There are 2 protein chains.
Amino acid sequence: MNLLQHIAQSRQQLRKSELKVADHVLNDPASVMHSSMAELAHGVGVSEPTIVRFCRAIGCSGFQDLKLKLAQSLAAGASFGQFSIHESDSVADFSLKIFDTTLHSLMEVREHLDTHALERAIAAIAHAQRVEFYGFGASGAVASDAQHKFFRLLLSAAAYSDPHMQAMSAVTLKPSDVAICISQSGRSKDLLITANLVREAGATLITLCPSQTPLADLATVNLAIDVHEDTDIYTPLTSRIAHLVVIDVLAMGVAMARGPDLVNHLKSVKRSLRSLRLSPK
Amino acid sequence: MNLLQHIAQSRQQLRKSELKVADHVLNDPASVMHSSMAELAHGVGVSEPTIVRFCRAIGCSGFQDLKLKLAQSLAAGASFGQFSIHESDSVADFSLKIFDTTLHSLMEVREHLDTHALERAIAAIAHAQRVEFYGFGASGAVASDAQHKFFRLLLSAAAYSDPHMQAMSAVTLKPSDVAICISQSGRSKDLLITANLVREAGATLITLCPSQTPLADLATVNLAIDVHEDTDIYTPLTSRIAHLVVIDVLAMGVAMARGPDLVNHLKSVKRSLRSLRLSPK
Ligand SMILES: O=C(O)C(=O)C[C@H](O)[C@H](O)COP(=O)(O)O
Ligand SMILES: O=C(O)C(=O)C[C@H](O)[C@H](O)COP(=O)(O)O
């Protein structure tokens with residue numbers, strides 16, 4: 001377990017004095033490592049006992065343990081991704097950690113699914129003429145990925161990561177239609193504007209985001225996907241995998257809702273690639 | 001196990017007479033289901049014993065078993081995705097099947113990693129000034145997804161799914177630089193053109209695709225990602241998840257190769273979002 005991630009996760013447990021230590025530590029770990037307890041206490045503006053209580057609340061044995069573990073937690077890639085990367089990891093180590101973390105997160109998401117929320121989303125999309133996917137950064141990529149899966153299911157599918165296009169498109173939706181807003185944070189300002197416009201048009205807003213976020217509150221159907229990845233700190237990685245697997249379940253659901261006609265539709269779609277891909281052998 | 005998928009998978013095992021049956025069955029399952037053995041034999045242009053041998057080679061007990069199982073394998077969504085969907089599945093059923101299939105595939109990919117191929121790809125990218133991601137359809141979405149992960153790692157990252165842009169961009173690459181071609185099939189014609197241009201420019205071609213494909217043969221570093229998903233038939237789904245997790249391992253590898261400077265780089269990148277996302281609480 002990477003001590004900096006642990007400290008970041010732990011902040012809502014600390015007392016105010018200890019929190020001040022936590023934030024000083026997160027802001028500059030490498031100074032702390034060459035710091036006496038007195039210097040650090042001076043730095044943060046707290047007593048030496050506060051330092052030690054912080055260390056113990058973090059699960060270290062005391063100040064020397066803090067520094068030791070800090071020294072093991074400063075890999076550059078530990079900041080890149082929420083994986084327990086250690087200063088000296090090899091492809092051997094980080095490859096398996098990344099896959100294992102992904103497996104563990106998807107299992108957790110699978111376990112926590114709101115099956116009913118899924119059923120309502122699938123039935124909304126299945127009755128829609130248009131489905132749109134809205135998001136930014138990582139969630140924009142998910143949006144366009146989802147458009148590529150959904151365009152073949154006998155409706156109009158579109159994805160936008162330009163908020164001006166989202167707004168203008170949204171307000172043209174019939175109440176009969178669906179928009180999915182995708183957000184690991186649930187806190188993207190433009191996306192809440194867009195979500196409000198969807199609502200105002202009377203269309204179904206599906207939120208693919210954690211529960212009890214600003215965006216979740218606006219939703220018609222809150223999918224409640226609670227991957228624990230702190231994207232104020234880490235690159236979004238695990239969160240978008242979970243989002244895409246959820247997208248795939250909605251798509252499957254919509255396919256389910258179509259007739260035996262779909263089979264031949266999908267066969268035409270695949271046939272159209274014949275001249276663009278070499279034959280197998 | 002969905003009988004139509006099983007039959008499709010099984011084709012390379014059959015004898016020529018049985019194969020003719022397989023393809024007739026795949027092409028129109030619903031006719032077969034209301035067909036006598038004699039009619040089907042007439043249809044395909046084979047003997048009744050051939051029909052029965054086909055059934056047995058497919059692991060059915062005989063012709064009546066074939067029809068029964070066919071009747072259970074005709075869900076519209078069974079054609080949409082390579083998941084063992086049955087005529088009457090509920091979100092309960094297909095949601096868990098989709099997650100389970102994904103977990104099983106990622107475990108298989110994790111087990112089969114070519115760790116050395118990973119190390120060589122990571123070191124190529126880590127010395128490059130430019131990294132480019134090329135693909136189409138699902139693989140285009142992966143390309144743009146990867147660009148969103150990589151732009152923060154102190155190089156120029158670009159993704160193109162327009163083959164004309166790929167060609168023109170490729171030929172401007174220094175031998176020092178990297179292109180990743182992404183393909184579940186390994187058989188996209190434009191992508192082989194692009195891959196050849198990368199080679200011709202002396203730049204490192206990483207192929208994120210199955211081994212022993214046309215594209216794998218062109219590679220400088222073949223990542224050998226052998227997800228078993230037949231995208232001549234099914235929507236690409238599981239394949240692109242595996243691709244993205246592999247992308248994330250390469251990104252982690254590159255982060256690893258940077259100094260402690262990266263920490264503050266990545267912190268600036270995250271700080272720039274402050275005015276665009278509400279604060280937590
Ligand atoms: O690239 C990064 O480091 C990011 O964190 C950018 C985020 O993907 C976007 O700001 C979208 O944020 P969400 O609306 O919470 O999905
Ligand atoms: O949407 C579908 O049904 C497709 O199969 C389209 C494929 O994603 C592209 O043709 C790219 O193919 P690859 O180069 O093998 O990755």
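Chain identifiers are assigned alphabetically (A, B, ...) following the order of the sequence lines, protein sequences preceding nucleic acid strands; residue numbering begins at 1 within each chain. Scope of the values below: all heavy atoms of this structure, side chains included, with no hydrogens, waters or symmetry mates.
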Within-4.5 Å side-chain heavy-atom neighbours: A:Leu208 and A:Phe133 = no
With B:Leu205 as partner, the option from B:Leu173, B:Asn196, B:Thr220, B:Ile180 fulfilling side-chain contact (heavy atoms from CB on, under 4.5 Å) is B:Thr220
Correct closest heavy-atom pair for B:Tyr234 and B:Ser79 would be CD2-O, 3.5 Å
Just wondering, do A:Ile125 and A:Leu153 contact through their side chains at under 4.5 Å, heavy atoms?
-> no
Could B:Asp93 and B:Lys97 be called an ion pair, given the rule that one side-chain N must be under 4.0 Å from one carboxylate O?
-> no
Are A:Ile122 and B:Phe94 close enough that some pair of their side-chain heavy atoms sits under 4.5 Å apart?
-> yes
Report yes or no: does A:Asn222 contribute a side-chain atom to a donor-acceptor pair with the main-chain N or O of A:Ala117 at less than 3.5 Å?
-> no
If you measure from the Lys or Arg side-chain nitrogens to the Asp or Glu carboxylate oxygens, is any gap between B:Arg11 and B:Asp230 under 4.0 Å?
-> no
Do B:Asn27 and A:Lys267 have side-chain heavy atoms sitting under 4.5 Å apart?
-> yes
Under the 3.5 angstrom rule, does the side chain of A:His127 hit a backbone N or O of A:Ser176 as a donor-acceptor pair?
-> no
Under 4.5 Å between any side-chain heavy atoms of A:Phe136 and A:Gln166, yes or no?
-> yes
Non-hydrogen atoms of A:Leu106 and A:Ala242 that approach each other most closely = CD2-CA, 3.8 Å
Short question: side chain of A:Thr101, backbone of A:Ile98 - any donor-acceptor pair under 3.5 Å?
-> no
Taking every heavy atom of B:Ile206 against every heavy atom of B:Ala121, the minimum-distance pair comes out as CD1-CB, 3.5 Å
Does one side chain, of B:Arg110 or A:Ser95, offer a donor that lies under 3.5 Å from an acceptor on the other?
-> no
Any donor-acceptor N or O pair under 3.5 Å, side chains B:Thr238, B:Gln82 = no
Please identify each residue that fulfils side-chain contact (heavy atoms from CB on, under 4.5 Å) with B:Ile193, with sequence neighbours left out.
-> B:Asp190, B:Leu197
Distance-minimising heavy-atom pair for B:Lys149 and A:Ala138 = NZ-CB, 4.1 Å
Close side-chain approach of B:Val32 to B:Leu66, heavy-atom, < 4.5 Å | yes
Is there a donor-acceptor pair closer than 3.5 Å between any side-chain N or O of A:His148 and the backbone N or O of A:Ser144?
-> no
Check whether any side-chain heavy atom of B:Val46 sits under 4.5 Å from a side-chain heavy atom of B:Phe54, and report yes or no.
-> no
Verify the distance criterion only: is there a donor paired with an acceptor across the side chains of A:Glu229 and A:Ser239 at less than 3.5 Å?
-> yes
Classify the side-chain pair B:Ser17/B:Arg53 by whether it contains a donor and acceptor separated by less than 3.5 Å.
-> no
Between B:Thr231, B:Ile233, B:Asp232, B:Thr235, which is the residue that forms a side-chain contact (heavy atoms from CB on, under 4.5 Å) with A:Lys270?
-> B:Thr231
Does a side-chain heavy-atom distance below 4.5 Å link B:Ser10 with B:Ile58?
-> yes
So B:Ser183 and B:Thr207, side chain to side chain contact (heavy atoms under 4.5 Å, CB included) or not? Walk me through it.
-> CA-CA 8 Å; B:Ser183 193; B:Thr207 64; over 6 Å; no
Judged by atom type as modelled, is there a donor-acceptor pair below 3.5 Å linking the side chain of A:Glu108 to the main-chain atoms of A:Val227?
-> no
